[PDB]
Amino acid sequence: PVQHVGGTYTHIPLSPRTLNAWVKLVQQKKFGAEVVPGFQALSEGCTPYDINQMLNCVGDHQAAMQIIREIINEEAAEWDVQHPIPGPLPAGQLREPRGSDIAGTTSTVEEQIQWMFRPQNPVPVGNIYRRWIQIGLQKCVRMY
Amino acid sequence: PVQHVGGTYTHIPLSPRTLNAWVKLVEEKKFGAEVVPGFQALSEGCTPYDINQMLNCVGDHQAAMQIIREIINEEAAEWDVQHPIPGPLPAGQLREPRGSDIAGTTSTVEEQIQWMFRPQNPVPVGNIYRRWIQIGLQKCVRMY
């Protein structure tokens, strides 16, 4: 998640108990329907980096992880079609997020927070990524 | 929770993150099944005092709270039947916990910690209470 202290936005990790509640859903509910609402709830306010921490326990269940990854790739690819880069990037300027930046594969949590909380035209990359994961989890539920 | 720093166990509250995650979990579907494993993880290592904070954070769900209260009262009464007293308790000495002590009604957090961590027959009052709350939450899930 993101804290706002000295007028600055910075990362704060999911508490161990919060992450452990997710981990316990994932291990206990074998990708039954409530993984969906559980993810929604527990991913509230998350950055992509945080979501990627939540997906660490999902990597223990490759069947599910494969399903989810395929959906992430699809959604990232469509994002990029819908957001063509006009370029080139001005010196020193943070790029607009690509699909892989939203997924947190190519971005730092500091970049993520900048997109989320910058003063002009923020991009809610955590919430966009959470939608992608929800699509994937819904598919896991219908395929397990 | 409880911390142990140089020979003294003391209370540390659940983080605001953790408590807010619990709230989100409860309200995603309004006591969807996900609350049961989630509560287990979120309340790990808690005192009754901490569990009561969790409950007060969802106290606007009065229907659920009444269902949980009835179960607490049942379990507390059966705990008291199962533990007739008998002492002797010296004037310098913490009583053995009763049902209302386990529930955090008639006990302070310092008393709870004393029972949980004393070396002479500790009583895991937090875990006992957690068991009661689980029964109540399972009932909430079915009755909502």
# chains A, B, ... in the order shown; residues from 1 in each chain; ligands from 1
$ closest_atom_pairs --of "chain B" --to "chain A" --cutoff "6 Å" --atoms "only C-alpha atoms" --output "CSV"
residue,atom,partner,partner_atom,distance
B:18,CA,A:18,CA,5.9
B:21,CA,A:42,CA,5.9
B:24,CA,A:41,CA,5.1
B:25,CA,A:41,CA,5.0
B:34,CA,A:34,CA,5.6
B:38,CA,A:21,CA,4.7
B:41,CA,A:21,CA,4.8
B:42,CA,A:17,CA,5.1
$ write_last_selection --atoms "N, CA and C atoms" --output "tab-separated table (two decimals), in the first residue's frame"
chain	number	residue	atom	x	y	z
B	18	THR	N	-3.92	-3.66	9.04
B	18	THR	CA	-4.51	-4.97	9.31
B	18	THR	C	-5.99	-4.86	9.64
B	21	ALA	N	-7.95	-4.03	6.51
B	21	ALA	CA	-8.05	-5.22	5.66
B	21	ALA	C	-9.18	-6.11	6.16
B	24	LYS	N	-12.45	-4.49	5.04
B	24	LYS	CA	-12.68	-4.73	3.65
B	24	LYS	C	-13.14	-6.13	3.42
B	25	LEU	N	-12.54	-7.10	4.03
B	25	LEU	CA	-12.89	-8.48	3.84
B	25	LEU	C	-14.32	-8.74	4.24
B	34	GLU	N	-15.16	-16.12	2.73
B	34	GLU	CA	-13.80	-15.67	2.86
B	34	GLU	C	-13.49	-15.08	4.22
B	38	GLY	N	-9.91	-15.69	6.57
B	38	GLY	CA	-9.31	-14.39	6.75
B	38	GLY	C	-9.21	-14.00	8.22
B	41	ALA	N	-6.26	-15.80	10.00
B	41	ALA	CA	-4.97	-15.27	9.76
B	41	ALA	C	-4.81	-13.90	10.41
B	42	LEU	N	-5.82	-13.05	10.33
B	42	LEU	CA	-5.72	-11.71	10.78
B	42	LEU	C	-5.63	-11.62	12.32
$ select_by_dssp --residues "segment 8-125 of chain B" --states "helix (DSSP H, G or I)" --output "ChimeraX atom specification"
/B:16-29,35-42,48-56,62-81,99-102,109-117,125
$ atom_distance --atom1 "atom CA of residue 58 of chain A" --atom2 "atom CA of residue 103 of chain A"
15.2 Å
$ closest_residue --among "A:108, A:57, A:96, A:135" --to "residue 122 of chain A" --atoms "only C-alpha atoms"
A:96
$ residues_around --residues "residue 49 of chain A" --least-positions-apart "2" --cutoff "12 Å" --atoms "only C-alpha atoms" --output "MDAnalysis selection string"
chainID A and resid 1:2 11:14 43 45:47 51:56 100:113 125:127 129:130
$ write_last_selection --atoms "N, CA and C atoms" --output "short mmCIF file (atom, residue, chain, number, x, y, z; two decimals), in the first residue's frame"
data_model
loop_
_atom_site.label_atom_id
_atom_site.label_comp_id
_atom_site.auth_asym_id
_atom_site.auth_seq_id
_atom_site.Cartn_x
_atom_site.Cartn_y
_atom_site.Cartn_z
N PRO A 1 0.82 -1.18 0.00
CA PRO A 1 0.00 0.00 0.00
C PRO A 1 0.87 1.26 0.00
N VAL A 2 0.23 2.43 0.12
CA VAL A 2 0.91 3.72 -0.01
C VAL A 2 0.55 4.51 1.21
N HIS A 11 5.85 3.78 -0.31
CA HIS A 11 5.35 2.43 -0.15
C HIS A 11 5.34 2.03 1.33
N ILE A 12 4.30 1.28 1.69
CA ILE A 12 4.29 0.54 2.92
C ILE A 12 3.80 -0.91 2.57
N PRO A 13 4.52 -1.94 2.99
CA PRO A 13 4.11 -3.31 2.59
C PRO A 13 2.77 -3.72 3.16
N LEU A 14 2.09 -4.66 2.51
CA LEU A 14 0.97 -5.34 3.14
C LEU A 14 1.47 -5.87 4.49
N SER A 43 -6.48 -6.77 -1.75
CA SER A 43 -5.69 -6.03 -2.65
C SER A 43 -6.06 -4.55 -2.68
N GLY A 45 -6.09 -0.75 -2.32
CA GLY A 45 -5.03 0.19 -2.08
C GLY A 45 -3.65 -0.29 -2.48
N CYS A 46 -3.53 -1.43 -3.14
CA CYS A 46 -2.29 -1.98 -3.51
C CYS A 46 -1.68 -1.35 -4.76
N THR A 47 -0.32 -1.35 -4.78
CA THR A 47 0.48 -1.13 -5.98
C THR A 47 0.63 -2.44 -6.69
N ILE A 51 0.69 -6.46 -5.42
CA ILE A 51 -0.08 -7.54 -6.06
C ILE A 51 0.82 -8.68 -6.43
N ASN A 52 2.03 -8.34 -6.91
CA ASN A 52 3.01 -9.33 -7.23
C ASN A 52 3.46 -10.13 -6.01
N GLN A 53 3.48 -9.52 -4.83
CA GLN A 53 3.74 -10.24 -3.58
C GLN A 53 2.60 -11.20 -3.31
N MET A 54 1.36 -10.77 -3.50
CA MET A 54 0.18 -11.63 -3.35
C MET A 54 0.23 -12.85 -4.33
N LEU A 55 0.83 -12.65 -5.51
CA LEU A 55 0.89 -13.71 -6.50
C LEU A 55 2.03 -14.66 -6.16
N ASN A 56 2.91 -14.37 -5.22
CA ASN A 56 3.94 -15.35 -4.85
C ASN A 56 3.43 -16.65 -4.34
N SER A 100 3.36 -3.94 -19.25
CA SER A 100 4.28 -4.57 -18.37
C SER A 100 4.61 -3.72 -17.12
N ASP A 101 4.49 -2.38 -17.25
CA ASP A 101 4.65 -1.50 -16.10
C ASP A 101 3.49 -1.63 -15.16
N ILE A 102 2.29 -1.73 -15.71
CA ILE A 102 1.09 -1.94 -14.90
C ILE A 102 1.17 -3.25 -14.16
N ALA A 103 1.66 -4.29 -14.84
CA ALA A 103 1.82 -5.60 -14.22
C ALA A 103 2.96 -5.67 -13.26
N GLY A 104 3.79 -4.58 -13.16
CA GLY A 104 4.88 -4.57 -12.27
C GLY A 104 6.04 -5.43 -12.65
N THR A 105 6.10 -5.87 -13.90
CA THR A 105 7.21 -6.66 -14.37
C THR A 105 8.41 -5.83 -14.78
N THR A 106 8.12 -4.58 -15.19
CA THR A 106 9.13 -3.67 -15.71
C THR A 106 9.17 -2.34 -14.95
N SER A 107 8.48 -2.24 -13.82
CA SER A 107 8.43 -0.99 -13.07
C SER A 107 8.74 -1.17 -11.63
N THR A 108 9.30 -0.14 -11.03
CA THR A 108 9.54 -0.11 -9.60
C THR A 108 8.29 0.40 -8.86
N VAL A 109 8.23 0.10 -7.56
CA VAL A 109 7.09 0.58 -6.78
C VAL A 109 7.13 2.13 -6.73
N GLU A 110 8.34 2.72 -6.76
CA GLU A 110 8.45 4.17 -6.81
C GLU A 110 7.83 4.74 -8.08
N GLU A 111 8.08 4.11 -9.22
CA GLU A 111 7.39 4.49 -10.48
C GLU A 111 5.92 4.31 -10.43
N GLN A 112 5.49 3.17 -9.87
CA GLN A 112 4.09 2.89 -9.71
C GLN A 112 3.40 3.97 -8.92
N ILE A 113 4.01 4.34 -7.76
CA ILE A 113 3.44 5.37 -6.89
C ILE A 113 3.42 6.72 -7.64
N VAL A 125 -2.47 2.50 -11.64
CA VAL A 125 -1.95 1.28 -12.18
C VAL A 125 -2.24 0.10 -11.27
N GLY A 126 -2.34 0.32 -9.97
CA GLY A 126 -2.72 -0.78 -9.05
C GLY A 126 -4.12 -1.30 -9.32
N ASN A 127 -5.05 -0.37 -9.52
CA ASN A 127 -6.41 -0.78 -9.74
C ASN A 127 -6.64 -1.39 -11.11
N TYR A 129 -4.32 -3.20 -12.69
CA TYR A 129 -3.75 -4.51 -12.55
C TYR A 129 -4.69 -5.44 -11.71
N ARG A 130 -5.30 -4.89 -10.68
CA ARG A 130 -6.22 -5.68 -9.88
C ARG A 130 -7.36 -6.24 -10.75
#
$ atom_distance --atom1 "atom CA of residue 73 of chain A" --atom2 "atom CA of residue 117 of chain A"
25.1 Å
$ residues_around --residues "residue 123 of chain B" --least-positions-apart "5" --cutoff "9 Å" --atoms "only C-alpha atoms" --output "JSON, numbers by chain"
{"B": [96, 97, 112, 114, 115, 116, 117, 118, 128]}
$ write_last_selection --atoms "C-alpha atoms" --output "short mmCIF file (atom, residue, chain, number, x, y, z; two decimals), in the first residue's frame"
data_model
loop_
_atom_site.label_atom_id
_atom_site.label_comp_id
_atom_site.auth_asym_id
_atom_site.auth_seq_id
_atom_site.Cartn_x
_atom_site.Cartn_y
_atom_site.Cartn_z
CA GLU B 96 -7.94 -18.19 36.68
CA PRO B 97 -9.77 -16.80 33.64
CA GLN B 112 -4.78 -11.59 29.08
CA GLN B 114 -0.31 -12.73 31.90
CA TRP B 115 -2.46 -15.81 31.27
CA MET B 116 -1.05 -16.38 27.79
CA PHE B 117 2.63 -16.11 28.75
CA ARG B 118 2.92 -17.20 32.36
CA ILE B 128 -9.69 -19.91 22.84
#
$ residues_around --residues "residue 78 of chain B" --least-positions-apart "5" --cutoff "12 Å" --atoms "only C-alpha atoms" --output "VMD selection string"
chain B and resid 71 to 73 83 to 84 98 to 100 132
$ atom_distance --atom1 "atom CA of residue 39 of chain B" --atom2 "atom CA of residue 22 of chain B"
7.3 Å
$ closest_residue --among "A:5, A:82, A:69, A:119" --to "residue 139 of chain A" --atoms "only C-alpha atoms"
A:69
$ closest_residue --among "B:59, B:86, B:124, B:104" --to "residue 26 of chain B" --atoms "only C-alpha atoms"
B:59
